[PDB]
Amino acid sequence: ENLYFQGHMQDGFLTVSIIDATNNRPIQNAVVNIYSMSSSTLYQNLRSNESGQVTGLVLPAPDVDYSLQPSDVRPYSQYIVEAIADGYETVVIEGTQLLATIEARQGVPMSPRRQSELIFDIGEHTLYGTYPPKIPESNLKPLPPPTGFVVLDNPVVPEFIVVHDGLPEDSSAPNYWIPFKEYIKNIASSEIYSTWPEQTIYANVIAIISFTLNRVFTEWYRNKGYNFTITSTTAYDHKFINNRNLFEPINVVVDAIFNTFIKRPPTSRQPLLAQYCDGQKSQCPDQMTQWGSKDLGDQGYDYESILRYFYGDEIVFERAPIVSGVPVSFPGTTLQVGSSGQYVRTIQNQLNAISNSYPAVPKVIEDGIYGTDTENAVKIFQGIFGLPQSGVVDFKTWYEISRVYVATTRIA
């Protein structure tokens with residue numbers, strides 16, 4: 001006797017992206033099967049398109065209401081996604097998590113080669129499952145003295161994070177090189193539900209970035225003699241799940257503010273080691289509660305006041321330099337039809353390169369004039385990587401282009 005009948009299901013959406021793990025190139029015409037979780041078929045023999053994608057799948061998901069309050073019911077569905085493709089070792093993803101009204105994006109990296117298969121398993125979301133609580137720890141850490149290079153004396157967004165999938169002291173756990181923005185998206189997809197108010201996603205993603213960039217900037221684990229940047233566990237850091245699916249509302253937020261962080265006191269060099277907790281299973285004062293920032297989201301607060309409410313009035317928001325592996329930075333003005341010059345020529349040069357791996361991206365004359373041709377290439381590109389198809393190269397589209405350009409021009 002809930003709102004409806006117990007068992008009621010809504011539509012949540014899915015897009016599957018199949019990429020060759022050795023060169024990041026999309027795989028076309030792979031088979032994609034979907035199953036449920038007891039387990040039975042739902043979709044059979046889906047074929048990936050020329051961008052390696054099968055888009056717009058529709059899958060049942062619990063009532064969205066279960067993800068807007070603390071609940072005993074799992075607020076998301078779990079599915080199995082199977083990718084098969086000739087020449088490639090098959091990949092099964094178990095536990096792909098679907099939220100009603102929202103697009104889940106599942107990435108499938110396949111390696112080239114007989115009867116072996118890769119199984120990635122996605123555990124329970126931290127807001128639902130039970131995970132070891134976060135070992136308490138100080139918010140500010142010691143630093144080496146300033147070398148006087150200012151960019152070196154202050155946080156910069158690295159290009160990669162080296163994640164240790166296990167406790168720090170378990171030397172047998174694997175280390176993965178994750179691109180920064182895919183890292184933050186993976187943490188956020190397990191820490192919050194993307195059916196949450198926009199301003200609440202922003203404020204939680206900035207806490208995640210402050211934390212993560214404090215591990216990077218203080219070189220926490222290297223100066224303790226480990227060969228990694230952060231671990232995947234909830235006790236020392238936050239829950240990272242290799243190849244879990246990301247969510248569209250979270251991806252667009254991160255694309256937009258992935259270099260923004262908290263400083264407290266405002267004179268800090270290092271970003272605040274911003275810590276949180278859900279706020280039902282566990283309390284944590286002087287810090288942020290995930291469920292508590294949802295309330296303030298519901299009550300219409302913006303993100304600077306959500307964070308200032310949990311961490312204090314005096315905090316300031318900083319934007320860190322970004323190493324993207326293209327030695328040009330976004331110039332601070334959106335490029336669009338009409339624009340001209342070297343930044344436009346650089347966009348067109350990157351998109352043409354990308355289009356050798358993603359032929360859906362039509363080619364453009366590389367002349368430095370942002371014409372209809374370029375706006376159409378940017379709209380198709382945006383559409384492939386889950387971005388609003390404004391056809392406009394603002395900050396978030398700039399670094400997404402650089403990210404794919406590098407990912408596909410790296411080994412081949």
# chains A, B, ... in the order shown; residues from 1 in each chain; ligands from 1

call {"tool": "closest_atom_pairs", "arguments": {"of": "stretch 156-208 of chain A", "to": "stretch 254-258 of chain A", "cutoff": "10 Å", "atoms": "only C-alpha atoms", "output": "CSV"}}
result
residue,atom,partner,partner_atom,distance
A:157,CA,A:258,CA,8.4
A:180,CA,A:258,CA,8.5
A:181,CA,A:258,CA,6.6
A:182,CA,A:254,CA,8.9
A:184,CA,A:254,CA,7.3
A:185,CA,A:254,CA,6.7
A:188,CA,A:254,CA,9.1
A:201,CA,A:254,CA,9.1
A:202,CA,A:257,CA,7.9
A:205,CA,A:254,CA,7.0
A:206,CA,A:258,CA,7.6
A:208,CA,A:258,CA,9.6

call {"tool": "residues_around", "arguments": {"residues": "residue A:234", "least_positions_apart": "5", "cutoff": "7 Å", "atoms": "only C-alpha atoms", "output": "list in words"}}
result
residues 131, 132, 133, 134 and 239 of chain A

call {"tool": "write_last_selection", "arguments": {"atoms": "N, CA and C atoms", "output": "mmCIF file, in the first residue's frame"}}
result
data_model
loop_
_atom_site.group_PDB
_atom_site.id
_atom_site.type_symbol
_atom_site.label_atom_id
_atom_site.label_comp_id
_atom_site.auth_asym_id
_atom_site.auth_seq_id
_atom_site.Cartn_x
_atom_site.Cartn_y
_atom_site.Cartn_z
ATOM 1 N N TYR A 131 28.669 0.070 3.934
ATOM 2 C CA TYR A 131 30.096 0.155 3.666
ATOM 3 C C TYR A 131 30.825 0.608 4.918
ATOM 4 N N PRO A 132 32.092 0.229 5.078
ATOM 5 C CA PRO A 132 32.843 0.630 6.278
ATOM 6 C C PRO A 132 32.912 2.142 6.375
ATOM 7 N N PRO A 133 32.662 2.711 7.554
ATOM 8 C CA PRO A 133 32.602 4.177 7.675
ATOM 9 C C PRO A 133 33.966 4.824 7.510
ATOM 10 N N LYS A 134 33.922 6.109 7.172
ATOM 11 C CA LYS A 134 35.094 6.881 6.777
ATOM 12 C C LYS A 134 35.927 7.204 8.010
ATOM 13 N N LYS A 239 34.098 5.534 -2.476
ATOM 14 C CA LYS A 239 33.910 4.268 -3.176
ATOM 15 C C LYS A 239 34.029 4.457 -4.685
#

call {"tool": "select_by_dssp", "arguments": {"residues": "stretch 117-282 of chain A", "states": "helix (DSSP H, G or I)", "output": "VMD selection string"}}
result
chain A and resid 180 to 191 198 to 217 248 to 257

call {"tool": "closest_atom_pairs", "arguments": {"of": "stretch 291-402 of chain A", "to": "stretch 64-86 of chain A", "cutoff": "12 Å", "atoms": "only C-alpha atoms", "output": "JSON lines"}}
result
{"residue": "A:291", "atom": "CA", "partner": "A:70", "partner_atom": "CA", "distance": 7.7}
{"residue": "A:292", "atom": "CA", "partner": "A:69", "partner_atom": "CA", "distance": 10.6}
{"residue": "A:293", "atom": "CA", "partner": "A:68", "partner_atom": "CA", "distance": 11.7}
{"residue": "A:294", "atom": "CA", "partner": "A:68", "partner_atom": "CA", "distance": 8.1}
{"residue": "A:295", "atom": "CA", "partner": "A:68", "partner_atom": "CA", "distance": 9.5}
{"residue": "A:297", "atom": "CA", "partner": "A:68", "partner_atom": "CA", "distance": 11.1}
{"residue": "A:298", "atom": "CA", "partner": "A:68", "partner_atom": "CA", "distance": 9.7}

call {"tool": "write_last_selection", "arguments": {"atoms": "N, CA, C and O atoms", "output": "compact mmCIF listing (two decimals), in the first residue's frame"}}
result
# COMPACT_ATOMS: atom_id res chain seq x y z
N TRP A 291 22.19 13.45 2.55
CA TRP A 291 20.76 13.69 2.66
C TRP A 291 20.44 15.10 3.12
O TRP A 291 19.34 15.60 2.84
N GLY A 292 21.37 15.77 3.81
CA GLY A 292 21.08 17.11 4.28
C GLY A 292 21.21 18.14 3.18
O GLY A 292 20.47 19.12 3.16
N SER A 293 22.13 17.91 2.24
CA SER A 293 22.26 18.77 1.07
C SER A 293 21.13 18.55 0.08
O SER A 293 20.85 19.44 -0.74
N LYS A 294 20.49 17.38 0.12
CA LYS A 294 19.30 17.19 -0.69
C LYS A 294 18.16 18.06 -0.19
O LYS A 294 17.46 18.69 -0.99
N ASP A 295 17.97 18.13 1.14
CA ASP A 295 16.95 19.01 1.70
C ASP A 295 17.14 20.43 1.22
O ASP A 295 16.23 21.04 0.65
N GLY A 297 18.78 21.45 -1.27
CA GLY A 297 18.44 21.50 -2.69
C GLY A 297 16.95 21.66 -2.91
O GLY A 297 16.51 22.54 -3.65
N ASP A 298 16.15 20.83 -2.23
CA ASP A 298 14.70 20.91 -2.34
C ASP A 298 14.19 22.28 -1.92
O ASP A 298 13.21 22.79 -2.49

call {"tool": "select_by_dssp", "arguments": {"residues": "stretch 155-393 of chain A", "states": "strand (DSSP E)", "output": "VMD selection string"}}
result
chain A and resid 160 to 164 175 to 179 230 to 231 246 to 247 260 to 263 276 to 277 288 to 289 316 to 319

call {"tool": "write_last_selection", "arguments": {"atoms": "C-alpha atoms", "output": "PDB file, in the first residue's frame"}}
result
ATOM      1  CA  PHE A 160      44.974  11.037 -14.509  1.00  0.00           C
ATOM      2  CA  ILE A 161      44.358   9.559 -11.081  1.00  0.00           C
ATOM      3  CA  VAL A 162      45.979   6.247 -10.134  1.00  0.00           C
ATOM      4  CA  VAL A 163      43.312   4.373  -8.146  1.00  0.00           C
ATOM      5  CA  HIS A 164      44.247   1.521  -5.814  1.00  0.00           C
ATOM      6  CA  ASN A 175      46.088   0.163  -9.692  1.00  0.00           C
ATOM      7  CA  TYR A 176      44.127   1.846 -12.498  1.00  0.00           C
ATOM      8  CA  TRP A 177      44.925   5.035 -14.429  1.00  0.00           C
ATOM      9  CA  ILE A 178      41.570   6.858 -14.526  1.00  0.00           C
ATOM     10  CA  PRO A 179      41.131  10.157 -16.383  1.00  0.00           C
ATOM     11  CA  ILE A 230      43.862   7.465  -3.898  1.00  0.00           C
ATOM     12  CA  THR A 231      42.258   4.184  -2.949  1.00  0.00           C
ATOM     13  CA  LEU A 246      27.738   7.025 -14.935  1.00  0.00           C
ATOM     14  CA  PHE A 247      24.605   9.158 -15.034  1.00  0.00           C
ATOM     15  CA  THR A 260      36.342  24.065  -8.872  1.00  0.00           C
ATOM     16  CA  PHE A 261      37.251  23.473  -5.213  1.00  0.00           C
ATOM     17  CA  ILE A 262      36.808  24.691  -1.590  1.00  0.00           C
ATOM     18  CA  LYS A 263      39.422  26.586   0.387  1.00  0.00           C
ATOM     19  CA  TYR A 276      30.727  13.907   3.894  1.00  0.00           C
ATOM     20  CA  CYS A 277      28.389  11.080   4.933  1.00  0.00           C
ATOM     21  CA  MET A 288      28.328  17.684   4.966  1.00  0.00           C
ATOM     22  CA  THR A 289      25.507  15.166   5.074  1.00  0.00           C
ATOM     23  CA  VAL A 316      36.085  30.440  -1.114  1.00  0.00           C
ATOM     24  CA  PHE A 317      35.722  28.738  -4.470  1.00  0.00           C
ATOM     25  CA  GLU A 318      38.819  28.388  -6.640  1.00  0.00           C
ATOM     26  CA  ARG A 319      39.401  27.239 -10.194  1.00  0.00           C
TER      27      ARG A 319
END

call {"tool": "closest_residue", "arguments": {"among": "A:253, A:207, A:400, A:18", "to": "residue A:310", "atoms": "only C-alpha atoms"}}
result
A:207

call {"tool": "residues_around", "arguments": {"residues": "residue A:171", "least_positions_apart": "6", "cutoff": "12 Å", "atoms": "only C-alpha atoms", "output": "PDB file with N, CA, C and O atoms, in the first residue's frame"}}
result
ATOM      1  N   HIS A 164      43.893   2.797  -6.421  1.00  0.00           N
ATOM      2  CA  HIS A 164      44.247   1.521  -5.814  1.00  0.00           C
ATOM      3  C   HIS A 164      42.954   0.859  -5.350  1.00  0.00           C
ATOM      4  O   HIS A 164      42.321   1.325  -4.394  1.00  0.00           O
ATOM      5  N   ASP A 165      42.556  -0.223  -6.015  1.00  0.00           N
ATOM      6  CA  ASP A 165      41.248  -0.834  -5.759  1.00  0.00           C
ATOM      7  C   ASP A 165      41.332  -1.748  -4.542  1.00  0.00           C
ATOM      8  O   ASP A 165      41.272  -2.968  -4.637  1.00  0.00           O
ATOM      9  N   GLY A 225      54.943   6.447   0.583  1.00  0.00           N
ATOM     10  CA  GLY A 225      55.661   5.359  -0.032  1.00  0.00           C
ATOM     11  C   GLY A 225      54.793   4.390  -0.780  1.00  0.00           C
ATOM     12  O   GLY A 225      55.238   3.271  -1.054  1.00  0.00           O
ATOM     13  N   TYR A 226      53.560   4.764  -1.092  1.00  0.00           N
ATOM     14  CA  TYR A 226      52.736   3.978  -1.987  1.00  0.00           C
ATOM     15  C   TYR A 226      52.800   4.553  -3.397  1.00  0.00           C
ATOM     16  O   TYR A 226      53.014   5.754  -3.596  1.00  0.00           O
ATOM     17  N   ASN A 227      52.588   3.683  -4.374  1.00  0.00           N
ATOM     18  CA  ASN A 227      52.580   4.070  -5.783  1.00  0.00           C
ATOM     19  C   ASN A 227      51.156   4.273  -6.302  1.00  0.00           C
ATOM     20  O   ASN A 227      50.759   3.679  -7.311  1.00  0.00           O
ATOM     21  N   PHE A 228      50.362   5.116  -5.638  1.00  0.00           N
ATOM     22  CA  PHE A 228      49.040   5.456  -6.140  1.00  0.00           C
ATOM     23  C   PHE A 228      48.613   6.780  -5.527  1.00  0.00           C
ATOM     24  O   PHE A 228      49.225   7.266  -4.571  1.00  0.00           O
ATOM     25  N   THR A 231      42.792   5.537  -2.887  1.00  0.00           N
ATOM     26  CA  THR A 231      42.258   4.184  -2.949  1.00  0.00           C
ATOM     27  C   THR A 231      40.747   4.229  -3.160  1.00  0.00           C
ATOM     28  O   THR A 231      40.103   5.270  -3.022  1.00  0.00           O
TER      29      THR A 231
END

call {"tool": "closest_residue", "arguments": {"among": "A:361, A:322, A:351, A:151", "to": "residue A:50", "atoms": "only C-alpha atoms"}}
result
A:361

call {"tool": "closest_residue", "arguments": {"among": "A:335, A:407, A:187, A:328", "to": "residue A:126", "atoms": "only C-alpha atoms"}}
result
A:187

call {"tool": "residues_around", "arguments": {"residues": "residue A:356", "least_positions_apart": "2", "cutoff": "12 Å", "atoms": "only C-alpha atoms", "output": "list in words"}}
result
residues 23, 24, 25, 26, 50, 51, 349, 350, 351, 352, 353, 354, 358, 359, 360, 361, 362, 363, 404, 405, 408, 409 and 412 of chain A

call {"tool": "write_last_selection", "arguments": {"atoms": "N, CA and C atoms", "output": "compact mmCIF listing (two decimals), in the first residue's frame"}}
result
# COMPACT_ATOMS: atom_id res chain seq x y z
N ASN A 23 42.97 1.40 -27.86
CA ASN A 23 43.10 2.68 -28.55
C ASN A 23 41.91 3.61 -28.34
N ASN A 24 40.96 3.24 -27.49
CA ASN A 24 39.80 4.07 -27.16
C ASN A 24 38.86 4.29 -28.35
N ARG A 25 39.05 3.52 -29.46
CA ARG A 25 38.22 3.66 -30.65
C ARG A 25 36.89 2.93 -30.47
N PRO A 26 35.78 3.51 -30.93
CA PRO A 26 34.49 2.83 -30.82
C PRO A 26 34.50 1.53 -31.61
N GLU A 50 28.01 3.30 -35.50
CA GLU A 50 29.36 3.66 -35.91
C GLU A 50 30.12 4.43 -34.85
N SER A 51 29.44 4.93 -33.82
CA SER A 51 30.12 5.52 -32.67
C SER A 51 30.22 4.55 -31.50
N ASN A 349 41.02 21.28 -35.59
CA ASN A 349 42.07 20.28 -35.77
C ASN A 349 41.83 19.09 -34.87
N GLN A 350 41.34 19.33 -33.65
CA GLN A 350 41.04 18.23 -32.75
C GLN A 350 39.85 17.41 -33.26
N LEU A 351 38.76 18.08 -33.66
CA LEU A 351 37.57 17.36 -34.13
C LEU A 351 37.88 16.51 -35.36
N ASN A 352 38.63 17.05 -36.32
CA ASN A 352 39.00 16.23 -37.47
C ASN A 352 39.79 15.00 -37.04
N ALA A 353 40.71 15.15 -36.09
CA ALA A 353 41.43 13.99 -35.57
C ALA A 353 40.46 13.00 -34.93
N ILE A 354 39.57 13.49 -34.07
CA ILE A 354 38.56 12.63 -33.46
C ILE A 354 37.75 11.91 -34.53
N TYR A 358 35.80 8.45 -34.88
CA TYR A 358 34.35 8.62 -34.75
C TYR A 358 33.83 9.22 -36.04
N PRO A 359 33.67 8.42 -37.09
CA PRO A 359 33.27 8.99 -38.39
C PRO A 359 31.94 9.68 -38.37
N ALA A 360 31.13 9.48 -37.32
CA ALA A 360 29.89 10.25 -37.22
C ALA A 360 30.18 11.73 -37.15
N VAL A 361 31.36 12.12 -36.68
CA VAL A 361 31.80 13.51 -36.62
C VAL A 361 32.25 13.97 -38.01
N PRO A 362 31.45 14.73 -38.75
CA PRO A 362 31.86 15.11 -40.10
C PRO A 362 33.09 15.99 -40.08
N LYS A 363 33.89 15.89 -41.14
CA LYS A 363 35.11 16.69 -41.26
C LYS A 363 34.80 18.15 -41.57
N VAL A 404 38.78 13.58 -25.53
CA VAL A 404 38.61 12.53 -26.55
C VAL A 404 39.74 12.58 -27.57
N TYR A 405 40.15 13.77 -28.00
CA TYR A 405 41.28 13.90 -28.91
C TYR A 405 42.50 13.16 -28.38
N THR A 408 42.05 9.20 -28.20
CA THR A 408 42.07 8.51 -29.48
C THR A 408 43.33 8.75 -30.31
N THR A 409 44.17 9.72 -29.94
CA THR A 409 45.43 9.92 -30.65
C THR A 409 46.63 9.50 -29.81
N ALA A 412 47.20 4.94 -31.12
CA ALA A 412 46.92 4.76 -32.55
C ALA A 412 45.69 5.55 -33.00

call {"tool": "residues_around", "arguments": {"residues": "residue A:215", "least_positions_apart": "5", "cutoff": "9 Å", "atoms": "only C-alpha atoms", "output": "list in words"}}
result
residues 210, 220, 221, 229, 230 and 273 of chain A
